[PDB]
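Readers should treat all values here as calculations from the given coordinates under stated rules, not as data from a laboratory. Note that each Cβ is placed from the backbone with ideal geometry, even for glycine, and that neighbours are counted across all protein chains shown.
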Amino acid sequence: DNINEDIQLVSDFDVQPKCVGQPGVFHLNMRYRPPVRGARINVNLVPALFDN
Amino acid sequence: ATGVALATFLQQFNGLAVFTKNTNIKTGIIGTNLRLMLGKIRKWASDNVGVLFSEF
Amino acid sequence: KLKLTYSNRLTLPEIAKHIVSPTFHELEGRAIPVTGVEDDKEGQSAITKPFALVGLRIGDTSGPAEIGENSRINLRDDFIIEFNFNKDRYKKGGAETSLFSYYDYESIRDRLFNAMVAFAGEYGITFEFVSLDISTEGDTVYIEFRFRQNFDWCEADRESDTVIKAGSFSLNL
Amino acid sequence: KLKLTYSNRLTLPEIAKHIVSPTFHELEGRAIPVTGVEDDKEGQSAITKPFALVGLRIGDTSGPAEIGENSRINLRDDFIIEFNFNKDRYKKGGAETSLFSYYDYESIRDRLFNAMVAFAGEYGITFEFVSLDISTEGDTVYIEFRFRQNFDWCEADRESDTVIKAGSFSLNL
Amino acid sequence: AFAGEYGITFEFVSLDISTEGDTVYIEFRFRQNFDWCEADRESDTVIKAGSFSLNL
Amino acid sequence: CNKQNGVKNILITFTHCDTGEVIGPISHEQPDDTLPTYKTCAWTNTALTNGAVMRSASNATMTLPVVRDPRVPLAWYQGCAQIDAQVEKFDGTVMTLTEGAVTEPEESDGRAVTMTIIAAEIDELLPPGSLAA
Amino acid sequence: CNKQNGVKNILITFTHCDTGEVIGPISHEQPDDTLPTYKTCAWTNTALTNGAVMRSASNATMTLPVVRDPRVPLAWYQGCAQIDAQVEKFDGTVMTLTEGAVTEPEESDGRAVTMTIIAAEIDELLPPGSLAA
Amino acid sequence: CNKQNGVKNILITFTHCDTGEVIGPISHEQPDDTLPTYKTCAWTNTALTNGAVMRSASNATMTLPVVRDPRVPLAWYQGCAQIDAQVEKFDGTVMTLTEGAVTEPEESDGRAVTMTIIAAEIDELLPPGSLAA
Amino acid sequence: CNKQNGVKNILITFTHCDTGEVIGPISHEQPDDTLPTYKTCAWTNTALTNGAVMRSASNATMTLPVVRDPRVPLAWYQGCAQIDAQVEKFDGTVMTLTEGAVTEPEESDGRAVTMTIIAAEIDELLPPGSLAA
């Protein structure tokens, strides 16, 4: 829907204090969404007779 | 039909900023003024000639 | 981090405070902004050495500058940094070093450029180098750098007059 | 609104009255247009401070200016706005501030440019910035601006000689 | 000779000569063109990890 | 002020063909001194012999250099979006265009852009006192 | 007088093809130093060999840069209107054209316009003392 | 920051079509003041008439002048290698390209090189606050 | 050294097609400031749509302006002889070419000559520490 929000990146160095940030950890958040496939169809069949 | 069409068209101006003392618009602002609105109304009116209006 | 008055260029005091003072410890501060290096020129020489001045040379434009018309505005500035240092005289072997002798400037140039590039990368402000000159006067040596800034300019913010909410059309005959 | 002598340019009194006086309250008026900024330097230095002068530099042409021939005519006007301000000294901590020290011009520039933009948008007259220079003299600091106007010129409103209603068409052999 | 040996070259600008009593002054003017670079620096860290929470 | 030349405002209102998003009118400022240009009459005359000409159908165009707005994807200024634009000069003239389409876009460097727009018709509003409809 | 080069007047009389409206002669002034140009002979000569040129039919033309009159729609200076024009030089010459048609109009920026007119004939009036009809 | 124009980083990741060797993202610096250029929208519009246009496939392109890296064979900066590149401007924009192919290379002098890259798609990352996906 | 741009040597070894004569390597010096140029990748990429490209065969080329050696016939610098060449830049690079052929020779004035050479392959030798074969 909006690529600029559905994926966010987080690094270990954002929160922990001075030098506590351990070397080489980064957090990734991604919002999956399955590809839609057809599932069900409703049919309304309306017969009539020749006319006019 | 003309009334409903025009009313639908004008709707897009709702909530739009306006400047009248000094017509310069700062860069990046969303807005307009009297002259621009008049011009756009004239454009829309000219478009529909022949379907609803006789040529002015 | 710091707080900048402007978003895309630095006033001379900001330079003297954040680029010159923290880089040269030899100067116990004394990075003094001034109106112009063409100065009283007497009290200028009396400041304790070493010290460095920062002063505008001329404001200028680098292209179109038509104020008011809805077009970009390209201002430009020329400011110069001038240092002042003593002279060392180590008098080796029953002989003194001459009152004039090669004085190392390359190290000063390198240090200044490195600090400038570091800051520019950190915040996104860059300078244009223009020239370098050196001269001596008895005890003191004058080293003069000329720089230049390019930046856009914008007008202050403003308040709208009103907003639309509805419209009374007539549709006469 | 105001009433302008011309429809596309401002005479120096008009600037001194409508761009300088209403913006800088520090000047209790005292935005005096003068013939030339080099004129009578003495009396020109005795007016009460602060004050600002407006004076023509020179008038020339930005293109073709052949008078009479039925082509456009372009003209230029170089004028300079020069201010005068005192120095503020506040003696913090048993130590006076030096007679020469950095003086804030950026605020003056911003205020002036904003006023010029406002007026230009309001009426439709625009200026070209040229350069800015600053220097100090004892108690007073001279901030000097240079500007330029571009405009067309037209001739006065002449009156016809007659009108046409007739025909002879003799149509000889 | 030196330039061939190490790879540094100069630009010649002009030659001027003048005399003064006993001594003669010969003044050469030269010029150098070269690139400049910034001092070396140390990385902040290295990378080895991954979380990829993969929310709904 | 019928005796000065310059641009006073520029507005643009993007629309996305595929998704149908809309971005309300946004001001813009020019990158250099070049002004826009126009061509309103929709017919094109080709020369023949003895003063005859071949009158044929053709588009009405506009050329419009603008500094990019830092909030809109660059792709929208090129052929990926549908455009509506206006210009107001000092002397009071106003030029209005709608349903424009960009053509043969040239490469841009990320801040300055030139757009070549064509449309079925461009409308011009004169200052007060016109001598014709 | 006899030994000065320059333009002295320019008149134009627009007619609208589709509606028949007319606007009486209106003066005009040039945007820059470039003077108009001309070609009055209707025929054209190709080379061939041994001086055996080939004569054929062509059009009288005229090139006329003029600053727009603020009261006339811009379109009328392009393919949308029929044009009549005149020029008076200082020395006394007068170039008259009628039923002109504008061709392949280049884009204009709203104040300076260049017109390429073609017509079946252009008549030149000389100062007194001409040596030919 | 926002109101300044310039390039801030450039990265490249060569891949060799035949051997399959890879060289990790290496920085680069520019030879002169010319900035890169882009063209991201993957479609092209032709004129036609009455405002219509013909819409077609086209590509996404990039132009990228960079100073050679003394450790990489010159040939790899021409049509012998597959390229992945990125650019970061001062204001925060980032332009990413992948599996580019260098096309119609022009001769080079060994230190300055210009590449014309085309790719199926180019992605733009705007600074915070964008108004569209 | 590593950060200076310039040429350091040029060698050439002429062979005569019709007679088989040979002239051992002879140094040369440039007529002006223009450096040689190169293109080493043999293939050429044309641009299709959607990022595809048509790959085909081409020739390595070199461009070499040199001041004539006063002892060699001028013809041998033009299409009458087979050429082998080398270049050594300051930083250490070395460009080697063999069995080149001269093409479409432009007129020379007897002292400064420009050669457009084409050959099957050109091999580049890098300074120490290369990242690829």
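What is the extension gain from A:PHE50 to A:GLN8, computed as 0.36 nm multiplied by their sequence separation minus the C-alpha to C-alpha distance, in nm to one decimal?
The A:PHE50-A:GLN8 span can extend by a further 8.9 nm.
Taking trypsin sites (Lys or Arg not before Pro) that fall in a DSSP loop and have at most 10 other Cβ atoms within 10 Å as cut points, what is the longest piece of chain D between them?
D:4-90
Which distances, shortest first and in nm, link G:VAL7 to the matching position in the other copies, using label points set 7 Å out along Cα to C-beta?
2.7, 4.7, 5.5
In chain G, which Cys residues have no partner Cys with a Cβ closer than 4.7 Å?
G:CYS1, G:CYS17, G:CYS41
Cα atoms only, chain G: Rg and Dmax in Å?
16.7, 55
Would you mind calculating the relative contact order of segment H:40-133 from Cα pairs under 8 angstrom and at least 6 residues apart, reporting the percent as a whole number?
Once normalised by length, the contact order is 31 percent.
Can you list which of the trypsin sites (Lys or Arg not before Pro) found in segment I:32-133 are DSSP loop residues with at most 10 other C-beta atoms within 10 Å? Let's see the in-between values first.
Values: sites: I:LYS39, I:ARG55, I:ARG68, I:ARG71, I:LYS89, I:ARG111; in loops: I:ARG68, I:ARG71, I:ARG111.
Passing sites in segment I:32-133 are I:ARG71, I:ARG111.
How well do other chains shield peptide G:2-8, expressed as the mean number of their Cβ atoms within 10 Å of each residue Cβ?
Averaged over the peptide's residues, the number is 2.
Within 10 Å of each candidate Cβ there may be at most 16 other Cβ atoms; applying that plus a DSSP loop requirement, which GluC sites (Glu not before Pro) in segment D:11-120 survive?
Here the sparse-neighbourhood loop sites are D:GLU26, D:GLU28, D:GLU38, D:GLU66, D:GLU96.
Quote the FRET efficiency, to the nearest 0.05, computed for H:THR98 versus E:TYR6 with a Förster distance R0 of 41 Å and r equal to the Cβ-Cβ distance.
0.45
Please order G:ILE26, G:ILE12 by the number of other Cβ within 10 Å, starting at the fewest. Don't skip to the end; give the middle numbers.
Details: G:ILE26 14, G:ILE12 24.
Starting with the residue having the fewest Cβ neighbours, the order is G:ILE26, G:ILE12.
Given Cβ point charges of +1 (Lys, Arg) and -1 (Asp, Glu) and nothing else, what value in debye, to the nearest 20, does the dipole of chain A about its Cα centre take?
200 debye
Among the DSSP beta bridges whose two residues both lie in segment D:1-141, what percent are antiparallel, rounded to the nearest 5?
Values: 11 of 15 bridges.
Once the DSSP bridges in segment D:1-141 are tallied, antiparallel ones form about 75 percent.
Report the chymotrypsin sites (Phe, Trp or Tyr not before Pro) located in segment C:85-152 that are in a DSSP loop and have at most 12 other Cβ atoms inside 10 Å of their Cβ, or state none.
For chymotrypsin sites (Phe, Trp or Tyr not before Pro) across segment C:85-152 that sit outside H, G, I, E and B with at most 12 neighbouring Cβ atoms in 10 Å, the list reads C:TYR90, C:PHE100, C:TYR102.
Can you grab the distance from the C-alpha centre of segment D:122-173 to the C-alpha centre of segment I:81-132, Å, no decimals?
Each part reduced to its Cα centre gives a spacing of 64 Å.
Take G:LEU125 and I:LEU74, extend 7 Å from each Cα along the Cα→Cβ direction, and tell me the distance between the two endpoints in nm.
With each label placed 7 Å out from Cα toward Cβ, I get 6.5 nm.
For chain B, list log₁₀ I(q)/I(0) at each q in 0.18, 0.21, 0.24 Å⁻¹, using the Debye formula over Cα point scatterers of equal strength and ignoring solvent, two decimals each.
Reported log10 I(q)/I(0), two decimals: -0.71, -0.86, -1.00.
Counting only other chains, what is the mean number of Cβ atoms within 10 angstrom of the Cβ of each residue in peptide D:99-106?
Per-residue shielding by partner chains comes out at 5.
Pick out which of F:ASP84, F:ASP32, F:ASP69 has the largest mean-square fluctuation in a Gaussian network model of chain F, springs linking Cα atoms closer than 10 Å.
Comparing F:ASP84, F:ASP32, F:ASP69 in the GNM, the peak value goes to F:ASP32.
On average, how many beta carbons from a partner chain sit within 10 Å of the beta carbon of a residue in C:58-67?
Taking all residues of C:58-67 together, the mean is 6.
Give me the count of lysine pairs in chain D whose alpha carbons sit under 20 angstrom apart, restricted to pairs 8 or more positions apart or on different chains. Could the numbers behind the result be given before it?
On the way: D:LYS1/D:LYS17; D:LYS3/D:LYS17; D:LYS17/D:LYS49; D:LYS41/D:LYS49; D:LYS49/D:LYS87.
Total qualifying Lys-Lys pairs in chain D comes to 5.
Within segment C:20-50, find all residues whose amide N lies under 11 Å from a label point positioned 7 Å from the Cα of C:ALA115 along Cα-to-beta-carbon.
C:20-32, by backbone N distance to the label point.
Please report the Cα spread of the protein assembly as shown along all three principal axes, rounded to whole Å, starting with the longest.
Taking max minus min along each principal axis of the Cα atoms, the protein assembly as shown gives 121, 93, 92 Å.
About the Cα centre of chain G, what is the dipole size in debye to 20, counting +1 per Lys and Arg Cβ and -1 per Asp and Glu Cβ, all else neutral?
Values: 8 positive and 17 negative charges, 79 e Å.
The dipole magnitude comes to about 380 debye.
At a Cα cut-off below 18 Å, give the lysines reachable from G:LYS3, other chains included and same-chain residues fewer than 8 away excluded.
Those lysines meeting the cut-off are G:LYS89.
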